[PDB]
10 protein chains.
Amino acid sequence: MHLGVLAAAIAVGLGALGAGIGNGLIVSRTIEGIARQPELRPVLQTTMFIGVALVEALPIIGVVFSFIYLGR
Amino acid sequence: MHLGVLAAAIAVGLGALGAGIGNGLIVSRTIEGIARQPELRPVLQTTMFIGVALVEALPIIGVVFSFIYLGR
Amino acid sequence: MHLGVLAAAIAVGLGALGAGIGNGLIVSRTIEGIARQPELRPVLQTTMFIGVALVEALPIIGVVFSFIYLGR
Amino acid sequence: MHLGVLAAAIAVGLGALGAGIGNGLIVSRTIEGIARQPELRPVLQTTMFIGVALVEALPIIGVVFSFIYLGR
Amino acid sequence: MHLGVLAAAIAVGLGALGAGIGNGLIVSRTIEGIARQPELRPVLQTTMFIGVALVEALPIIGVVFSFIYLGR
Amino acid sequence: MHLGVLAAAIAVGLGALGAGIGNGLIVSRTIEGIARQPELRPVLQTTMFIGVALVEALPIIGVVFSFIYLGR
Amino acid sequence: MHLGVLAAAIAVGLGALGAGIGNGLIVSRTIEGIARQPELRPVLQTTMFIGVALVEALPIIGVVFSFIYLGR
Amino acid sequence: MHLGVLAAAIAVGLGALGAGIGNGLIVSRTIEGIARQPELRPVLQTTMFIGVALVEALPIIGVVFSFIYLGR
Amino acid sequence: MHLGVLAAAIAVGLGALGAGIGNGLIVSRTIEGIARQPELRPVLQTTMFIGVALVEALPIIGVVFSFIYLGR
Amino acid sequence: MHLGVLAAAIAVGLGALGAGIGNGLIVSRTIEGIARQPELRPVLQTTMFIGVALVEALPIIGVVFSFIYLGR
């Protein structure tokens, strides 16, 4: 089961990488849009937060799937 | 079947990575477009949501295919 | 045929990654263009949809080819 | 010939990835350019289509080469 | 357990890579947005900081998961 | 010579990837520049075409080199 | 322990890569924001410096973790 | 010497990838700059050409080095 | 110790890659910011130089660490 | 010493990739900045050239290090 540790480790690493850069950029860019024009400022950042929920859904479910695949 | 765990783990990791960055950026950029000009604001974000459905279709189907390939 | 599972799994992962980021960005950017100027708004998003068809053609055919290569 | 399946699978995956992101971005950006200014709108999108033909030429020929290399 | 060291090492490397580029860009872009327009300057940078917390949550949890997978 | 097939397959995949994204983006961006300002429109797109010739020179020669290396 | 050297070497390489590009871009973009508008110029660059501290925290801790994993 | 073929094949693939995307983008962006403002148009594109010479110097020398390393 | 050569070779390659693209972009973007507005031109480029020092610190230390890991 | 050839080949490939894209983009972007505003045009491109010297310093030294590691 030594390979399983790496499989999950790389999968999680991939999950962290994807959501990490996706959300990092999502926050800054969201912020940049708000700064450019003061139109629906709270709403734009709120959309950003839902984006965070959506993007992180993938790494969370990916980790769960990796766990189950290793388990069964 | 030890290799199968890694195959699915990396495939899912790839799926999470692609949709995660694609949707993260899709949300922020969508938001940025809305902020730049107050034209069809609800529609633009709605298009973003359909984009989410389209982009995540790929990781969902990819995971399913990986499962079946391992299974058969 | 254990290697075949990984071959298809990584190929599909690659397919999901390419189209996922390509279409995710295509949707948001398409949206951003429409937001910037209200010129041919329906047409621009329509072009985006055909872009989706074009980009996903690659992962779909790639998956099919992977299946056949494994099969024969 | 088990390695051959992976060789073609990864090559095609690479082909799908390159053209998929290249064309996805080509469509959205082409669209963005048209939206920014209403100058030679049909021509710009047409150039985009030829771009599609050019970019996909690479994955198509790559797949063919992979097939022949495996074959001979 | 020699493979375990690499599994965690690459996972952490992936974690550092994702959050490192995500937060690096988040800080500069956040800064760029503030510079472009003097609207809600403290708030925009504050949003950036929460972005940092969100993005680094992934590498921190990823490292923890890698540790546990190696442990059990 | 089983490894040779993969060597060429990955090299070509790399060639398709580099030129595919390079030319895809070159076409759309070239198009975007023309759209932004109606200055030397034919010339700008022409420069784009020479760019295509230059960028694809690399994958073409790379494939040839891979073939010869396998051959000798 | 030969694999351990590579594990740390690649982890550090990953650490250098992530922070290197993250901070390189953070410095230039920070600079670009300041150049665009003369608003809170010292503060913006200062935020950039804290960004540097944050981003490099990841590679530093990653290297430390790699060392300990190899050690124990 | 079977590994040597792959070493050169991947090195060349890397060379084609780097210069291919670097020059593809260099041509389009160069073009975009010229389009934005009609200032020193011939000179800007000329600088682009020297950029091509500089960027391709790397893949050319890399291929030569790979050949010699295999040879000796 | 044959693996050690590759470990350092890839680590250095990673170091060169990260700082190379980080500093290459840092120089051009820094330059672009200065060109956009003639405000604190020497200072902006100077900040760029310190950025170079910061970014290259990572590859230099990474190479040193790789050397020591191989050594001990 | 068969692995050594690949180690240097991939390291050089990495070196060419990093500097190739870094300098390719540095030239075009430098050019774009000059085109946007006619301020210190020779100086900006000159800064670009020093950027080239800085960025290529990394691949040159990386290749040298790879050679020595293989040698000793």
# chains A, B, ... in the order shown; residues from 1 in each chain; ligands from 1
$ interface_residues --of "chain F" --to "chain J" --cutoff "12 Å" --atoms "only C-alpha atoms" --output "MDAnalysis selection string"
chainID F and resid 11 14 18 22 33 55
$ write_last_selection --atoms "N, CA, C and O atoms" --output "PDB file, in the first residue's frame"
ATOM      1  N   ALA F  11       7.778  13.582 -27.849  1.00  0.00           N
ATOM      2  CA  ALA F  11       8.439  14.716 -28.490  1.00  0.00           C
ATOM      3  C   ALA F  11       7.490  15.448 -29.415  1.00  0.00           C
ATOM      4  O   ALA F  11       7.457  16.676 -29.448  1.00  0.00           O
ATOM      5  N   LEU F  14       4.915  17.183 -27.459  1.00  0.00           N
ATOM      6  CA  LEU F  14       5.498  18.423 -26.971  1.00  0.00           C
ATOM      7  C   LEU F  14       5.521  19.464 -28.088  1.00  0.00           C
ATOM      8  O   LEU F  14       5.254  20.644 -27.857  1.00  0.00           O
ATOM      9  N   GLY F  18       3.499  23.008 -27.923  1.00  0.00           N
ATOM     10  CA  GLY F  18       4.157  24.301 -28.009  1.00  0.00           C
ATOM     11  C   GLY F  18       3.669  25.164 -29.151  1.00  0.00           C
ATOM     12  O   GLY F  18       3.282  26.315 -28.943  1.00  0.00           O
ATOM     13  N   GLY F  22       1.085  28.303 -28.986  1.00  0.00           N
ATOM     14  CA  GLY F  22       1.776  29.485 -29.472  1.00  0.00           C
ATOM     15  C   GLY F  22       1.076  30.118 -30.658  1.00  0.00           C
ATOM     16  O   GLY F  22       0.906  31.335 -30.710  1.00  0.00           O
ATOM     17  N   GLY F  33      -5.158  42.785 -31.777  1.00  0.00           N
ATOM     18  CA  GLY F  33      -4.414  43.998 -32.074  1.00  0.00           C
ATOM     19  C   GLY F  33      -5.014  44.756 -33.245  1.00  0.00           C
ATOM     20  O   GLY F  33      -5.148  45.979 -33.199  1.00  0.00           O
ATOM     21  N   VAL F  55       7.165  29.531 -35.666  1.00  0.00           N
ATOM     22  CA  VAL F  55       6.813  28.686 -34.533  1.00  0.00           C
ATOM     23  C   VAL F  55       6.699  27.215 -34.926  1.00  0.00           C
ATOM     24  O   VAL F  55       7.174  26.350 -34.200  1.00  0.00           O
TER      25      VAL F  55
END
$ residues_around --residues "residue A:66" --least-positions-apart "4" --cutoff "7 Å" --atoms "only C-alpha atoms" --output "PyMOL selection string"
(chain A and resi 8+62+70) or (chain B and resi 9)
$ residues_around --residues "residue E:60" --least-positions-apart "6" --cutoff "10 Å" --atoms "only C-alpha atoms" --output "PDB file with N, CA, C and O atoms, in the first residue's frame"
ATOM      1  N   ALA A  16      -4.666  20.867  -4.174  1.00  0.00           N
ATOM      2  CA  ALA A  16      -4.221  22.097  -3.532  1.00  0.00           C
ATOM      3  C   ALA A  16      -3.713  23.087  -4.560  1.00  0.00           C
ATOM      4  O   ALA A  16      -3.932  24.288  -4.443  1.00  0.00           O
TER       5      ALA A  16
ATOM      6  N   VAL E  12       4.117  18.494  -0.656  1.00  0.00           N
ATOM      7  CA  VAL E  12       4.422  19.775  -0.043  1.00  0.00           C
ATOM      8  C   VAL E  12       4.951  20.724  -1.098  1.00  0.00           C
ATOM      9  O   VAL E  12       4.633  21.905  -1.088  1.00  0.00           O
ATOM     10  N   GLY E  15       2.108  21.917  -2.800  1.00  0.00           N
ATOM     11  CA  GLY E  15       1.396  22.849  -1.941  1.00  0.00           C
ATOM     12  C   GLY E  15       2.040  24.220  -1.933  1.00  0.00           C
ATOM     13  O   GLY E  15       1.350  25.243  -2.037  1.00  0.00           O
ATOM     14  N   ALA E  16       3.365  24.243  -1.829  1.00  0.00           N
ATOM     15  CA  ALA E  16       4.125  25.485  -1.829  1.00  0.00           C
ATOM     16  C   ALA E  16       4.006  26.191  -3.163  1.00  0.00           C
ATOM     17  O   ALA E  16       3.922  27.412  -3.226  1.00  0.00           O
ATOM     18  N   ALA E  19       0.080  27.622  -3.580  1.00  0.00           N
ATOM     19  CA  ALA E  19      -0.179  28.776  -2.732  1.00  0.00           C
ATOM     20  C   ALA E  19       0.841  29.880  -2.968  1.00  0.00           C
ATOM     21  O   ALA E  19       0.515  31.053  -2.879  1.00  0.00           O
TER      22      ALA E  19
ATOM     23  N   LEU G  58       6.333  29.641   2.469  1.00  0.00           N
ATOM     24  CA  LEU G  58       5.989  28.325   1.951  1.00  0.00           C
ATOM     25  C   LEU G  58       7.228  27.504   1.549  1.00  0.00           C
ATOM     26  O   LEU G  58       7.375  26.379   2.016  1.00  0.00           O
TER      27      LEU G  58
END
$ calpha_fit_and_write --fixed "chain I" --moving "chain C" --output "mmCIF file with C-alpha atoms, in the first residue's frame"
data_model
loop_
_atom_site.group_PDB
_atom_site.id
_atom_site.type_symbol
_atom_site.label_atom_id
_atom_site.label_comp_id
_atom_site.auth_asym_id
_atom_site.auth_seq_id
_atom_site.Cartn_x
_atom_site.Cartn_y
_atom_site.Cartn_z
ATOM 1 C CA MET C 1 25.364 8.314 -6.819
ATOM 2 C CA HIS C 2 24.062 8.294 -10.397
ATOM 3 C CA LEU C 3 20.614 9.388 -9.181
ATOM 4 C CA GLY C 4 22.205 12.310 -7.356
ATOM 5 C CA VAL C 5 23.366 13.856 -10.627
ATOM 6 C CA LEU C 6 19.783 13.852 -11.931
ATOM 7 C CA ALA C 7 18.427 15.144 -8.621
ATOM 8 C CA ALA C 8 20.689 18.177 -8.761
ATOM 9 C CA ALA C 9 20.247 18.517 -12.529
ATOM 10 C CA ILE C 10 16.463 18.649 -12.277
ATOM 11 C CA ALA C 11 16.571 20.864 -9.167
ATOM 12 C CA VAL C 12 18.820 23.344 -10.928
ATOM 13 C CA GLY C 13 16.685 23.078 -14.030
ATOM 14 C CA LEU C 14 13.712 23.925 -11.842
ATOM 15 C CA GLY C 15 15.669 26.790 -10.284
ATOM 16 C CA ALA C 16 16.635 28.199 -13.674
ATOM 17 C CA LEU C 17 13.083 27.818 -14.908
ATOM 18 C CA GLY C 18 11.480 29.621 -11.968
ATOM 19 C CA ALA C 19 13.884 32.533 -11.720
ATOM 20 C CA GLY C 20 14.362 32.696 -15.479
ATOM 21 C CA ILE C 21 10.701 33.248 -16.249
ATOM 22 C CA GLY C 22 10.142 35.249 -13.066
ATOM 23 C CA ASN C 23 12.975 37.661 -13.802
ATOM 24 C CA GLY C 24 12.374 37.744 -17.542
ATOM 25 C CA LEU C 25 8.804 38.819 -16.965
ATOM 26 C CA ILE C 26 9.863 41.074 -14.074
ATOM 27 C CA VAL C 27 12.182 43.014 -16.363
ATOM 28 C CA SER C 28 9.715 43.440 -19.249
ATOM 29 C CA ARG C 29 6.729 44.250 -17.019
ATOM 30 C CA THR C 30 8.840 46.649 -14.944
ATOM 31 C CA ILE C 31 9.781 48.264 -18.197
ATOM 32 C CA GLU C 32 6.133 48.369 -19.312
ATOM 33 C CA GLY C 33 5.104 50.120 -16.100
ATOM 34 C CA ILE C 34 7.785 52.777 -16.571
ATOM 35 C CA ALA C 35 6.737 53.285 -20.186
ATOM 36 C CA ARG C 36 3.053 53.707 -19.271
ATOM 37 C CA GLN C 37 3.735 56.635 -16.899
ATOM 38 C CA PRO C 38 6.920 58.697 -16.294
ATOM 39 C CA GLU C 39 6.573 58.541 -12.507
ATOM 40 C CA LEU C 40 9.565 57.462 -10.374
ATOM 41 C CA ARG C 41 11.115 55.768 -13.420
ATOM 42 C CA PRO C 42 14.582 55.044 -11.810
ATOM 43 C CA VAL C 43 12.926 53.829 -8.603
ATOM 44 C CA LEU C 44 10.599 51.402 -10.405
ATOM 45 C CA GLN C 45 13.454 49.762 -12.326
ATOM 46 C CA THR C 46 15.507 49.736 -9.089
ATOM 47 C CA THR C 47 12.664 47.848 -7.381
ATOM 48 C CA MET C 48 12.868 45.466 -10.343
ATOM 49 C CA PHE C 49 16.576 44.879 -9.625
ATOM 50 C CA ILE C 50 15.885 44.079 -5.967
ATOM 51 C CA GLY C 51 13.217 41.728 -7.279
ATOM 52 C CA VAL C 52 15.917 40.030 -9.294
ATOM 53 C CA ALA C 53 18.019 39.638 -6.140
ATOM 54 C CA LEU C 54 15.068 38.189 -4.268
ATOM 55 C CA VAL C 55 13.940 35.786 -6.990
ATOM 56 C CA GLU C 56 17.457 34.479 -7.747
ATOM 57 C CA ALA C 57 18.094 33.969 -4.041
ATOM 58 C CA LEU C 58 15.822 30.949 -4.295
ATOM 59 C CA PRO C 59 17.659 29.132 -7.191
ATOM 60 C CA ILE C 60 21.055 29.930 -5.639
ATOM 61 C CA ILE C 61 20.085 28.511 -2.238
ATOM 62 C CA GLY C 62 18.279 25.608 -3.912
ATOM 63 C CA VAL C 63 21.422 24.626 -5.789
ATOM 64 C CA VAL C 64 23.449 24.864 -2.563
ATOM 65 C CA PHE C 65 20.937 22.661 -0.710
ATOM 66 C CA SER C 66 20.975 20.114 -3.535
ATOM 67 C CA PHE C 67 24.774 20.003 -3.361
ATOM 68 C CA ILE C 68 24.751 19.408 0.410
ATOM 69 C CA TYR C 69 21.994 16.771 0.218
ATOM 70 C CA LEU C 70 24.066 14.888 -2.347
ATOM 71 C CA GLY C 71 27.172 15.408 -0.221
ATOM 72 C CA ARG C 72 25.482 14.289 3.001
#
